[PDB]
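Structure, as structure tokens:
Counting starts at 1 for both ligands and their atoms, following the listed order. Residue numbers run from 1 in the order of the sequence given. Basis for what follows: all heavy atoms, side chains included, without hydrogens, waters or symmetry-related copies.
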Amino acid sequence: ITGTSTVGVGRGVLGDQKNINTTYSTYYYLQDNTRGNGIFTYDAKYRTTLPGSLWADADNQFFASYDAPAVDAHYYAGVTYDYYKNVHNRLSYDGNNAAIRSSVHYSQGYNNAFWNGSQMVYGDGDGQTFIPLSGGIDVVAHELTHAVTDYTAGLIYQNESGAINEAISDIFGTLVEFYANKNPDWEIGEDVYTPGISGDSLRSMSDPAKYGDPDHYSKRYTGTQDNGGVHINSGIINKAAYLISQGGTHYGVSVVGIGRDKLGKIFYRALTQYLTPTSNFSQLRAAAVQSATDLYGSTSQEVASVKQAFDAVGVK
Ligand SMILES: O[C@@H]1[C@@H](O)[C@H](O)OC[C@H]1O
Ligand SMILES: O[C@@H]1[C@@H](O)[C@H](O)OC[C@H]1O
Ligand SMILES: O[C@@H]1[C@@H](O)[C@H](O)OC[C@H]1O
Ligand SMILES: O[C@@H]1[C@@H](O)[C@H](O)OC[C@H]1O
Ligand SMILES: O[C@@H]1[C@@H](O)[C@H](O)OC[C@H]1O
Ligand SMILES: O[C@@H]1[C@@H](O)[C@H](O)OC[C@H]1O
Ligand SMILES: O[C@@H]1[C@@H](O)[C@H](O)OC[C@H]1O
Ligand SMILES: O[C@@H]1[C@@H](O)[C@H](O)OC[C@H]1O
Ligand SMILES: O[C@@H]1[C@@H](O)[C@H](O)OC[C@H]1O
Ligand SMILES: [Ca+2]
Ligand SMILES: [Ca+2]
Ligand SMILES: [Ca+2]
Ligand SMILES: [Zn+2]
Ligand SMILES: [Zn+2]
Ligand SMILES: [Zn+2]
Ligand SMILES: [Zn+2]
Ligand SMILES: [Zn+2]
Ligand SMILES: [Zn+2]
Ligand SMILES: [Zn+2]
């Protein structure tokens, strides 16, 4: 909509106050004109028609319970935009400042959130398995990172390539959570999963086995469920990424940690320059090694730590 750029205030799903960029024309709309071609957040009104109505509010104050998922979808899309621009010089998910559109209140009791190829879609959850999923910055950034992948490597969503696709989204979801440095961790979805249970999450990058996911290639799932285990086998790559950043000794292999920023630079270069739609784990290792070589030199600690981490998870 055409209007004046304004700044509203509200509370997100977890009850935290934040400012949001809006546009004023009779109503205040969840339309942020400060980032690329815009960030636009819509009300799906418990239906499955997309995108729904551009979110309108009479007073620029977003403190109602019904507002909270919209506040977070809008704000965390902004954080994700800022991460990719400021850290990686990438303008929106396509690198060409595509508008970022999100719909909240999708369906009823819907325990999922997804990038659908052109926008984000957030369920409200059923209140037991999940609360509204836009409350999780790592979920928001995980799904928007699928769009980054689609516009770069084009990793296929099945078998080893699909597990890489999911790990890339977990890695950057987590790096965005740290960039936004409110309550970061190496867990996925902890803020919105199981409101009745403290200390759990959908999966752990630091210790995949805590939830029964593999932390070594020898433990990879080879069945047909989950598109060949894409959210299961991601644990192998997630653990490697965790080790690259934080270090540790895993199955007897010592890894010297190089920190989050270098992890992000190495994997971003691997994704955008070297991965292809069918890259397997071994090819990801090679891409990460080459990316660290490009950035830091073949004799660098960074290259050595990449190799150590992939060794530790059994990926040659
Ligand atoms: O849509 C308009 C946008 O294009 C401009 O950049 O800022 C004001 C908005 O109304
Ligand atoms: O506690 C939250 C509240 O502050 C917000 O306004 O609506 C959603 C709730 O979860
Ligand atoms: O376009 C909107 C539609 O998506 C929603 O489901 O019902 C109201 C309409 O304004
Ligand atoms: O409070 C309202 C809620 O009861 C309804 O479901 O949708 C709009 C909200 O503002
Ligand atoms: O235009 C392409 C689009 O069709 C696809 O969704 O992602 C890659 C883009 O280059
Ligand atoms: O250390 C920062 C890291 O926490 C963030 O995730 O990505 C950028 C780095 O500068
Ligand atoms: O506690 C168990 C854990 O040790 C294993 O790694 O995965 C399944 C869990 O039930
Ligand atoms: O069966 C597949 C397995 O061969 C591969 O290693 O990882 C993905 C699985 O789907
Ligand atoms: O096979 C790829 C290789 O061509 C490149 O050099 O590094 C990335 C690898 O995945
Ligand atoms: Ca209001
Ligand atoms: Ca997290
Ligand atoms: Ca929980
Ligand atoms: Zn998903
Ligand atoms: Zn995913
Ligand atoms: Zn967290
Ligand atoms: Zn899955
Ligand atoms: Zn998923
Ligand atoms: Zn270990
Ligand atoms: Zn460990």
Side-chain angles (χ1 to χ4, degrees), residues 6-31 41 43 53-76 104-105 109 122-137 139 167 170-171 174 182-183 185-187 190-196 198 203-211 213-217 219 235-260 263 305 308-315:
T6 49
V7 179
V9 66
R11 275 191 312 256
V13 173
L14 272 50
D16 54 325
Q17 187 169 302
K18 59 202 77 191
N19 295 335
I20 44 265
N21 296 118
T22 56
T23 297
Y24 176 65
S25 182
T26 303
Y27 286 86
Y28 298 85
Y29 290 89
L30 291 181
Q31 175 180 317
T41 300
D43 190 358
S53 299
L54 188 65
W55 191 286
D57 184 89
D59 66 2
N60 215 20
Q61 297 185 37
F62 298 82
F63 294 98
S65 167
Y66 191 79
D67 302 339
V71 170
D72 279 345
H74 197 65
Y75 184 90
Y76 293 143
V104 301
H105 299 306
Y122 299 96
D124 288 333
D126 62 15
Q128 297 296 328
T129 301
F130 284 104
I131 63 179
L133 281 87
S134 62
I137 189 173
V139 175
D170 286 347
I171 291 162
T174 291
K182 188 222 179 59
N183 51 3
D185 45 68
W186 294 87
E187 305 298 302
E190 65 284 348
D191 296 328
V192 292
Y193 187 58
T194 58
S198 68
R203 54 186 170 271
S204 174
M205 304 181 69
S206 57
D207 186 13
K210 170 179 182 183
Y211 302 109
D213 291 328
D215 60 1
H216 193 277
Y217 194 68
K219 304 194 184 184
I236 295 158
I237 304 308
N238 284 346
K239 182 71 190 185
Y242 171 82
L243 288 168
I244 290 166
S245 181
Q246 303 304 111
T249 301
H250 182 57
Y251 291 103
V253 178
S254 290
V255 186
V256 175
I258 66 176
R260 296 180 304 274
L263 170 68
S305 293
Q308 295 165 359
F310 282 94
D311 282 350
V313 301
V315 171

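- Within the 3.5 Å criterion, the main-chain N or O of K210 finds no donor-acceptor partner in the side chain of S204.
- Looking only at protein heavy atoms, the nearest one to atom 7 (O) of ligand 2 is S65 CA, 3.3 Å.
- Residue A70 comes nearest to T41 through the heavy atom pair O-CG2, 3.8 Å, listed as atom of the first residue, atom of the second, then distance.
- Side chain of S53 to backbone of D43: no donor-acceptor contact under 3.5 angstrom is found.
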* Apply side chain to side chain contact (heavy atoms under 4.5 Å, CB included) to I137 and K182, showing your working. => CA-CA 10 Å; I137 189 173; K182 188 222 179 59; over 6 Å; no
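- Nearby protein atoms of type N, O or S around the Zn ion (ligand 19) amount to 1 (distance under 2.8 Å).
- Remark: ligand 2 atoms within the under-4.0 Å shell around heavy atoms of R11 are 3 (C), 4 (O), 5 (C), 6 (O).
- Each protein N, O or S atom less than 3.0 Å from the Ca ion (ligand 10) was counted, giving 4.
- The closest protein non-hydrogen atom to atom 5 (C) of ligand 2 is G12 O, 3.7 Å.
- A salt bridge links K18 and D72; the closest N-O separation between the charged side-chain nitrogens and carboxylate oxygens is under 4.0 Å.
- Close contacts of ligand 2 with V13, meaning ligand atoms under 4.0 Å from a residue heavy atom, involve 2 (C), 8 (C), 9 (C), 10 (O).
- Between the side chain of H105 and the backbone N or O of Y66 there is at least one donor-acceptor pair closer than 3.5 Å.
- For atom 1 (O) of ligand 2, the closest non-hydrogen atom of the protein is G15 CA, 4.0 Å.
- When all heavy atoms of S206 and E187 are compared, the pair lying nearest together is OG-OE2, 3.7 Å.
- Taking every heavy atom of both residues into account, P69 and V104 meet most closely at O-CG1, 3.5 Å.
- Listed for the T174 side chain is no donor-acceptor partner under 3.5 Å among the backbone atoms of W186.
- Residues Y75 and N19 share a closest heavy-atom pair of CD1-O, 3.3 Å.
- For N60 (side chain) and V7 (main-chain N/O), a donor-acceptor pair under 3.5 Å exists by modelled atom type.
- Proximity of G135 to ligand 2 is not established, as no heavy-atom distance is less than 4.0 Å.
- The backbone N or O of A240 lies less than 3.5 Å from no partner atom in the side chain of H250, so there is not a single donor-acceptor pair.
- Residues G136 and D191 come closest through the heavy atom pair CA-CB, 4.4 Å.
- In terms of N/O distances under 3.5 Å, ligand 2 is not approached by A68.
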